[PDB]
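Structure first, then comments.
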Amino acid sequence: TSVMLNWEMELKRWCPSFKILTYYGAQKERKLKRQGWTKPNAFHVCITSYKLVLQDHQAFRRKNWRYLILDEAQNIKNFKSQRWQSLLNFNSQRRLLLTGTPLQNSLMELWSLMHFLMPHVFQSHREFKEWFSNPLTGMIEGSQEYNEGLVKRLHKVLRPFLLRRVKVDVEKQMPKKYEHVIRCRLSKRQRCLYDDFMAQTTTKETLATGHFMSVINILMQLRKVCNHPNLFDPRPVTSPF
Amino acid sequence: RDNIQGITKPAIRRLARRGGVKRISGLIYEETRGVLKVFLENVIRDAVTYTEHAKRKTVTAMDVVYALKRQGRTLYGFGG
Amino acid sequence: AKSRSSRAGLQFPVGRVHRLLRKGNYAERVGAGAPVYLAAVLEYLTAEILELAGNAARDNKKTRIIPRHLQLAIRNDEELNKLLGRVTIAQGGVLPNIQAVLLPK
Amino acid sequence: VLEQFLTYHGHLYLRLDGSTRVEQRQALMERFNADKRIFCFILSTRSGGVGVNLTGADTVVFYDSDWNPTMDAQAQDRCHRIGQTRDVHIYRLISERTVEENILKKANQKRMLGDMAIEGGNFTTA
Amino acid sequence: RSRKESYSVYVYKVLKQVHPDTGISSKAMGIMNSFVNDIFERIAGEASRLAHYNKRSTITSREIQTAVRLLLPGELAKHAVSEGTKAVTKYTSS
Amino acid sequence: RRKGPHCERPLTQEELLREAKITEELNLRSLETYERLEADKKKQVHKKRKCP
Amino acid sequence: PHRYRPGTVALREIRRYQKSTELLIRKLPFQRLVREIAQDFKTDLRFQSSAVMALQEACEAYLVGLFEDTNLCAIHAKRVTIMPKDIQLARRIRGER
DNA sequence: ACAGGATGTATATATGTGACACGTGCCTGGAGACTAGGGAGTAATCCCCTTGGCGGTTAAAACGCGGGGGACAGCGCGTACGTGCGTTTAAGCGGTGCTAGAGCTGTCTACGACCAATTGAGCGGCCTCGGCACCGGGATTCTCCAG
DNA sequence: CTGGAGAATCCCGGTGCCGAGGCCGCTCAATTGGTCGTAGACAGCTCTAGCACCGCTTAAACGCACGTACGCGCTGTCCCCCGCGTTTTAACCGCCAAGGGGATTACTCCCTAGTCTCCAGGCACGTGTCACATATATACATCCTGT
Ligand SMILES: [Mg+2]
């Protein structure tokens, strides 16, 4: 959403040749903006948000898109996403994915993108891809055994499809970037709540056994108490007994 | 809890539109919420009695259908 | 060899309609032609209602009876509305009618 | 509470959310990227840190932390753009002897995983 | 198999006679399934009470016919009685 | 009988027409400059005053 | 600007919703109200996802039928407009009183 | 602000058309000994659905605000319904006075249940096209000011 | 009544999703075949009602006459719902990964319930009547309505 008006504006700044449609607004405004868009070359480039393509998809699927372009394709990690399905069922002769990082969080995040990109090449589904990538995706903590033997063929498989330049060592005409980490102090009341909460019977039990989300709730309650405490609990009014 | 206000004025106005009503008094939404909460409590109370008796913990649709047939209000489409 | 239902020139199940009779504690003796009669009546009501609903839906440019038109067929018939007076067909809505007083002009 | 904290210090700021409607997002970015006299831009790491340009500022501060590296890398490079004119310092406030340390450790681990997995010369030359 | 039996095979066999090309949706088919279970129990309960009135211990076709007379509005009853009596007449000759 | 095909006006794009439409889009960029510049928001005065 | 006279959009709402067979009470709020009502009968009673659907259908039908009988009491007093007086008469005659 | 002039109670009384008491009998509980089948008491499987909630963005509520046209109050008048009076219609309240047909009893088959087989609907379980669902025109149709 | 705009409808033709039907393959259950009590049906026959009449009595229905009271109608007054644009809350994902609470189902088994006896009080229908209260009578009290 945030970059919608950037693609329009940049377009008008860089390529003032194409006619642009920017698709956002209230329920009725988006009907108004589609009036006449059946006509030949009524709109040359159409910009829209992921999030208001999911509830407006009957209109987009019935169109012969020459190019379907997804910016920060990062947003399409999951195959079981329901906007992955929405974008997959788009008639498009060519598909282009733009992203600063195709993956960081885990493997198999490349398969959704590449199957959307080249369905017939990557037609082999998660069974194949997981049995294939298990050593690499486990290498961090789990299954290792093969010790980066598979990495060469895995890497080579991507080379037909993605261009990955790094904007730091390849162009020496750019101001530098410094990771200026700064460690932060004890914070007495923060720490009182922290060491109290982290030692309670229920939190000990939850950390011993929990169905994931409950322990994530423990460490997110810790987001609360580590950032500032009226997230966690406001300081009480203190009064004589 | 008090979530009888989930049945909102626009919803009551839609139910009135479907029912042919073409003009609604202001105090017709605080009436309809009392009328609907009595009808619900009656059909739920009977559906929970058909559920306790079968020694079950979930009110199934069959319980609701039986309890609705008890009131006379007969609905077609949920296995009964 | 021949279903008891077929030996009436019917489409409905005379055999299971007998079991539902003499299992539901209605009486102690279901005759030879008590289920043959009840099945016939059930199939008759089904024929009536199905025809009405079916080409009420086909009146709506449909080739598939939808419950909306089940409701329309039932609510337009004077006999089936008496029979199914206290029955609410789910997802059937209501009948189109505007009281003259409300209507303009 | 950052929005309150900056008024206690009299800093002129503006802030960006998932709740700020689209046209206001563009207006805020313009009234900061191309306007001085504002010192500070408070923004959400997802809604504000995903893809927009901001060359008009630096000294990126990461007040939060998240074990998924993608959001932090993406947010860093909102300043470190083509059109920059100053070196970009990037501060990161970590509480001592507290799980935030472990969160940055996890982020570094996944960063190294990505470095290994995709940075192996997927260039135009090959 | 078994588990859950229903009318679906007869609501569709009887629908293919009135309208050969018309189908029926799963929801509407379910509604018909439910509707038949209504009339069956209504007619059978009134017939059980009828047997109880003339103090018979059997529900015959006469009881069922009198229960059909008590529920159908005239023309509906006059045609349902004919259907039932023709079915019983034709089933006794085979 | 009441048919509405709307096969009339079967308009198609061409290369000579391409540069003409690009020309009007260049004019549309020039017009966009009027969106690129800015004016003020026109804030409003206080409410009327009581006097009993 | 352009605005319709009072009663023009009303008949359009009448026509639109008295042709389209669907639910009119917001799903989640009604499901929350069902749990509220059931809390005072048997604590910790789960409701099957299709039990609340049956309750909602049987409640919307009841309310629509009660509004059709209210609109008659409204027209009985020479009132095109319905108010608590007409619902009350309609429910009085129905035997619901 | 009374008083004829009615109508409505209130209290008392009595004997006769209905409420209780008493004896009988005799069909129906009660009591008892067998024989399943039914249902309870655990022990396994498969699901769904809550887990705690968060921060992005949307549709639906919710709120502001004009204003218009319906909801009421006022006024009137003009039937029309109750009120009362004389007539008369015809129902009631008892009787006489047949025989139609309940109600019953008995007798005896045709009828229902059982009852072990047997098999053929039928119901579940995947598969694969049509059929509605939603869309996007443009052309007829209403609704709203405007003379 | 025509105009002229401006919104709504309203079918035509198009495009995929997914329910509705297509078939296949065994499980449940309806059929077949036969013996065994019997449901009720039908042929009398007892004996209540039902029905049908007729008379005498009088309540009551009913028609009429006469105002009064209430009922459709008009208009004016004022507000409160309709229409519609803006601010706010609800409510979907994605992101996050599965336990477990609980219907669904059986296999044993012991307890409850049918079946089917033979007794014995107790419930019915007489009979033997006793008596609430319906009908009658009168003053007391409202309880009017015309002055
Ligand atoms: Mg960008």
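Residue numbering for chain E follows Swiss-Prot, covering 32-125 in order.
Recorded method is electron microscopy, 3.2 Å.
Note: Cβ is positioned from N, Cα and C throughout, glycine not excepted.
Taken from Swiss-Prot, the feature ubiquitin cross-link covers E:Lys35, E:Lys121. Marked as O-linked glycosylation site by Swiss-Prot on the basis of experimental evidence: E:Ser113. As annotated by Swiss-Prot, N6-glutaryllysine applies to E:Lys35, E:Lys44, E:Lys47 (among others), with the evidence given as experimental evidence. If you look up Swiss-Prot, you'll see E:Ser37 marked as phosphoserine. Residues or ranges marked as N6-(beta-hydroxybutyryl)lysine in Swiss-Prot (evidence: experimental evidence): E:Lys86 (among others). Under the heading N6-lactoyllysine, Swiss-Prot lists E:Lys86 (among others), citing experimental evidence as support. The omega-N-methylarginine annotation in Swiss-Prot covers E:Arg87, E:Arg93 and is backed by similarity to another entry. Per Swiss-Prot, the feature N6-(2-hydroxyisobutyryl)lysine maps to E:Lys109 (among others). Under the heading phosphothreonine, Swiss-Prot lists E:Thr116, citing similarity to another entry as support. Positions annotated as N6-succinyllysine by Swiss-Prot, on the basis of experimental evidence: E:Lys117 (among others). Taken from Swiss-Prot, the feature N6-methylated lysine applies to E:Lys117, supported by similarity to another entry.
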If you measure E:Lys121 (ubiquitin cross-link) to E:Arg93 (omega-N-methylarginine) at Cα, how many Å is it?
16
Site of maximum Cβ density within 10 Å, from recorded positions E:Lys35, E:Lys109:
E:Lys109
E:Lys117 (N6-succinyllysine) versus E:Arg87 (omega-N-methylarginine) - Cα distance in angstrom:
24
To the nearest whole angstrom, state the Cα distance for the pair E:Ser37 (phosphoserine) and E:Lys44 (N6-glutaryllysine).
13
Going by DSSP, give the three-state secondary structure for the residue listed as 'phosphoserine'.
coil
How many whole Å apart are the CA atoms of E:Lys86 (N6-(beta-hydroxybutyryl)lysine) and E:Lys109 (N6-(2-hydroxyisobutyryl)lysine)?
26
If I take the alpha carbons of E:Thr116 (phosphothreonine) and E:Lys44 (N6-glutaryllysine), what is the distance between them in whole Å?
21
Measuring CA to CA, name the entry from the recorded positions E:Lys35, E:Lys44, E:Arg93, E:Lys117 that ends up nearest E:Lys109 (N6-(2-hydroxyisobutyryl)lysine).
E:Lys117
About how far apart, in whole Å, are the alpha carbons (Cα) of the residue listed as 'O-linked glycosylation site' and E:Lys44 (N6-glutaryllysine)?
21
What number of additional C-beta atoms lies within 10 angstroms of the C-beta atom of E:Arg87 (omega-N-methylarginine)?
15
Pick out which of the recorded positions E:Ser113, E:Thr116 has the most other Cβ atoms within 10 Å of its own Cβ.
E:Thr116
Enter the number of other CB atoms within 10 angstroms of the CB of E:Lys47 (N6-glutaryllysine).
15
Spatial separation of E:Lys35 (ubiquitin cross-link) from E:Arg93 (omega-N-methylarginine) - C-alpha basis, Å:
31
So if I draw a 10 Å sphere around the Cβ of E:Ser37 (phosphoserine), how many other Cβ atoms end up inside it?
15
Among all the protein chains here, how many other CB atoms are within 10 A of the CB of E:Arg93 (omega-N-methylarginine)?
19
